[PDB]
Amino acid sequence: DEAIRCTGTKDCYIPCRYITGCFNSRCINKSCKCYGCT
């Protein structure tokens, strides 16, 4: 759709691990940001 957003930090892990696959992620302005793998 448009960007990726998150209900909160622990919700963001879902589309991060679904899209990016890797876990290391953060919510900013309700928007997910994955760094990639650790």
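How each quantity is defined
- Residues numbered from 1 in each chain as written, not as in the entry; some residues may be left out.
- Heavy atoms only, no water.
- Helix = DSSP H or I, 4+ residues; strand = E, 2+ residues; numbered from the N terminus.
- Buried < 20%, exposed > 50% of the residue type's maximum accessible area, 1.4 Å probe, protein only.
- Polar contact = N/O pair within 3.5 Å; in protein donor to acceptor, adjacent residues only side chain to side chain.
- Contact = heavy atoms within 4.5 Å.

Structure determination for this PDB entry was carried out by solution NMR, as recorded in the header.

Caption draft 1: Looking closely at the side chain of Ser31. Structurally, the position occupied by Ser31 is in strand β2 (residues 31-34). Note on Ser31: relative accessible area 11%, which makes it buried. In this structure the side chain of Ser31 is engaged in a polar contact, spanning 2.8 Å, whose partner is the backbone oxygen of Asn29. When sequence neighbours within four positions are dropped, the list of residues in contact with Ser31 reads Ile4, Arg5, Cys6 and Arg26.

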